[PDB]
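Below you'll find only one chain, the form deposited in one PDB entry, shown as structure tokens.
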């Protein structure tokens, strides 16, 4: 304790790393010792399992999932401001079981390195290298030499025509796994129906009726999104924006929508549309103009969002958003919405029980 021991491979810049450690000690008094043991990536699980080893281990990320599965790595805790400083795909490489288990440093790939004076135009194909070697051999030279003891160096050739390690299956929505008629869905809709039966709400309330009632001070609360705030600003009501109420102790989970602008495939103006959206709308000034009319909520444009993030209404918007879920964009989403609309309206009006309404919606969607 009171020290840092670092392990890094002997082909990396460990002397330069030790100079970073010297600056660390000069500022903090904490000694940093950089070592480069052989087989460090095999020794680490052996010594960390006994509670020994280095404080920090450097390796390519392919070793780290095995370490994390064995409980040998601490979860790292960079805040969002620090995570923003590194490329997102590098954080992905060090994420295991949903947790960040290392700090990414550098991105490595093999390349062809060539002597400009022996091969001014290096070969573009592997197949032409034997002919080049024959000409170099009469000069006492060879075309190419690389490490054949480590599979890292031969893998690019093995993969070229179709070799691979493990196949990756992309994330996907299971369009047959729908949760509209499970017990939790029924419990929430039953509560809504119970409020209607108890005359706390009326089944015929729509957007206009609820907005007028809230903005005239006739009801204490409403549920709406950022576009509604402008009309409340103009009203007499002093309003706050906060977390949706919990149900059975669990957060309400609103669907998160990304307002998006698509370009019609039939448009003869695709270049103009790109210019307008990229260079006029998606600017601080462009979004401010729309936002001043009806608030957008949080915006996708980082520079303008940092100016909105302070507003408690935006903070509440993002707190509810985090408790909820981003909507799928799959084609089946419209079928989902049409079916759920019918279920809620039928249950709220008494044309169906909650169970029969949601069962029918589930059948329609799947």
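Positions refer to the first chain, counted from 1.
Coordinates for residue 171 are absent from at least a third of the other compared entries of this protein that model residues on both sides of it.
Just going by the entry, 74 to 82 versus 290 to 298 on mean CA temperature factor gives the higher value to 74 to 82.
Comparing 40 to 48 with 311 to 319, the stretch with the higher mean C-alpha B-factor in the PDB entry is 40 to 48. Of the candidates 104, 254, 88, 151, the PDB record gives 88 the highest C-alpha temperature factor. Listed residues 224, 238, 264, 170 were ranked by CA B-factor as deposited; 170 comes out on top. The PDB entry assigns residue 306 a C-alpha temperature factor belonging to the highest third of its chain's modelled residues. Among the modelled residues of the chain, residue 248 sits in the highest third by CA temperature factor in this PDB entry. Among the modelled residues of its chain, residue 62 has a C-alpha B-factor that falls in the lowest third, as given in the PDB entry. In the deposited entry, the Cα temperature factor of residue 8 places it in the middle third of its chain's modelled residues. In the deposited entry, the Cα temperature factor of residue 156 sits in the bottom third of values across the chain's modelled residues.
Here the subject shifts to the form deposited in another entry, a form of this protein not shown in this document.
The pair residue 81 and residue 301 is at least 3 angstroms closer at the CA level in that other deposited form than in the present model.
In that other deposited form, the CA atoms of residue 242 and residue 80 sit farther apart than in the displayed form, by at least 3 angstroms.
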